[PDB]
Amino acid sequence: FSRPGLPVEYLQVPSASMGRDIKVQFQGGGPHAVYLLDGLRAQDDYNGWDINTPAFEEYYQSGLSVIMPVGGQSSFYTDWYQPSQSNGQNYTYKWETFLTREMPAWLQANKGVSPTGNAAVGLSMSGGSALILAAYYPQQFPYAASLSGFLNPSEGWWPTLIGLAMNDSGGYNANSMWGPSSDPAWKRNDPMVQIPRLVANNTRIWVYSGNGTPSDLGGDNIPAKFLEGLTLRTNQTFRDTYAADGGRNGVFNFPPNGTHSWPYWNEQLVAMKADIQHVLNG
């Protein structure tokens, strides 16, 4: 429940690549849009942003549309190698294809939403996704925000931790997604590795990380709050590497009282609104 009178819609958008309809929550308001990507435990009824935050209310009459894709638990909003090998998934996740081709084509044709000049905003699994979308689709996403994202997924223990978190969230298999940790797909989808693309594209990036407890990150099966701490440290390394590589269009927010939780992710979504407005609409 939120503010009465919001013109929020839900849509059924066919995905040819996944052979099914993808539900999408939507609020109009302008030709450019904020894509609000969900976390590891994404449900099939509503996007976590609508469940847990007043995102639609906060961006109402902002001059921006809001797009909340629904579904894709543990998908990393990526195109997988194969159907998840364990939990009986009967198709291959193709969420990069959906977000960069199928969905923007549908929204353009039916509503006049621009496929270019948008923002991607993600958290947990989709924080990295948002930066990867900006790295490889800069005309679509000149703005990307990562809130408690896993920003060096190919490094050290990260492939192991991501595998653990995915198995704990619906029994999904990281091997089916990007292959063994040595597979090129891990580095392809590693924001840290792709920093020079973000720099050369002049992507406007907004990067947040909390720390500690409680956590909505997922990966609760990982012991000793290790994921919560490693997430922060890798985000801090990302800030430093971005600067060292010539990056000059980023904001890095690591407040010591911040948590990896919907209340802080919403606080950041509100805080970045003026930032997004100035970048996408002038």
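Sequential numbering from 1, following the sequence displayed.
- Stretches 167 to 175 and 123 to 131 differ in mean CA B factor, with 167 to 175 having the higher one.
- Just going by the entry, 193 to 201 versus 176 to 184 on mean CA temperature factor gives the higher value to 176 to 184.
- Based on the entry's C-alpha B-factors, the most elevated value among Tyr208, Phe150, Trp157, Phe141 belongs to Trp157.
- Between the residues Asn118, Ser146, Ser84, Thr100, it is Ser84 that shows the highest Cα B-factor in the PDB record.
- Sort the modelled residues of the chain by CA B factor and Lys23 lands in the middle third.
- Per-chain ranking of the deposited C-alpha B factor places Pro69 in the lowest third.
- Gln12: CA B factor lies in the middle third for its chain, per the PDB record.
- In the PDB entry, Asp240 places in the middle third of its chain by CA B-factor.
- Among the modelled residues of its chain, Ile162 has a C-alpha B-factor that falls in the highest third, as given in the PDB entry.
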